[PDB]
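# Just dropping in an experimental structure and the matching sequence.
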Amino acid sequence: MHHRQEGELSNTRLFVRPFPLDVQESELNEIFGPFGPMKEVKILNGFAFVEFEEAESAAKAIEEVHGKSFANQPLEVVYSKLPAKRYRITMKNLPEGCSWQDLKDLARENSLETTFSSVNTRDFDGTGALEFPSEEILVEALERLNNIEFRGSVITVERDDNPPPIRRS
RNA sequence: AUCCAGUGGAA
């Protein structure tokens, strides 16, 4: 959730609400399936967001699904928040004194700011990754957040040419 | 009734 909204989406994401409970990507692929190639469906507790390759396939499905049922409940699909790409980079550090909370405070106390922070490692290696709202923060982070000496450790933030947004929940 | 897109403030 965020206070900044626009409601001027690319006409592709479709927000659903009146789910049963065990929907879990088992009937969206059937209802939204014949409507278009459907890039992805992100169902989660209390709602879902289907997405299409064309503004036409999305509008068509909403026009036909916002007035029927898949769970003995009246559906009322509407347009979702604005689909958007974001940036990410690979970072290295030390297996101590770190959590995604500290990399958020670290990044924001220099000049830049992270939209998300991670420390994906099984044995906790200190290494992780950082997210950015655009490339103009990535190309700066590798010069400002690079090797600044954090807690006596060292941040090796560098661009690995991040993949597209993570698929599904 | 109704908004997440790595379902996060130590998690």
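Received, thanks. Residues are numbered from 1 along each chain as shown, chains lettered A, B, ... in the order given.
# okay, CA-based contacts and neighbour counts for the rest of this
Noted.
# Pull up the residues of chain A that are close to RNA strand B.
Contacts of chain A with RNA strand B, taken as C-alpha under 7 Å from any atom of the strand, map to A:1, A:13, A:15, A:17-18, A:42-49, A:76, A:78-84, A:97-102, A:104-105, A:115-119, A:131, A:165-169.
# Buried members of those residues into ChimeraX, please.
Burial among those is assessed by 16 or more other C-alpha atoms under 10 Å; the matching ChimeraX selection reads:
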select /A:13,15,17,18,42,43,44,48,49,76,78,79,80,81,98,99,100,104,116,117,118,119,131
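# Now, the residues of chain A next to RNA strand B that are in strands?
If you go by DSSP state E, those have A:15, A:42-44, A:47-49, A:78-79, A:116-118, A:131 in strands.
# out of those residues, what pair is the most spread apart?
Spatial extent of those (C-alpha to C-alpha) is set by the pair A:78 and A:118 at 31.9 Å.
# And chain A, what are its domain boundaries?
A:13-79, A:87-159 (curated CATH domains).
# Would you mind giving those domains as JSON lines with distance to residue A:6 added?
Listed next are the domains of chain A as JSON lines, based on distance: least, C-alpha to C-alpha, whole Å:
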{"stretch": "domain A:13-79", "distance to residue A:6": "11"}
{"stretch": "domain A:87-159", "distance to residue A:6": "16"}
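# Alright, I will stop here.
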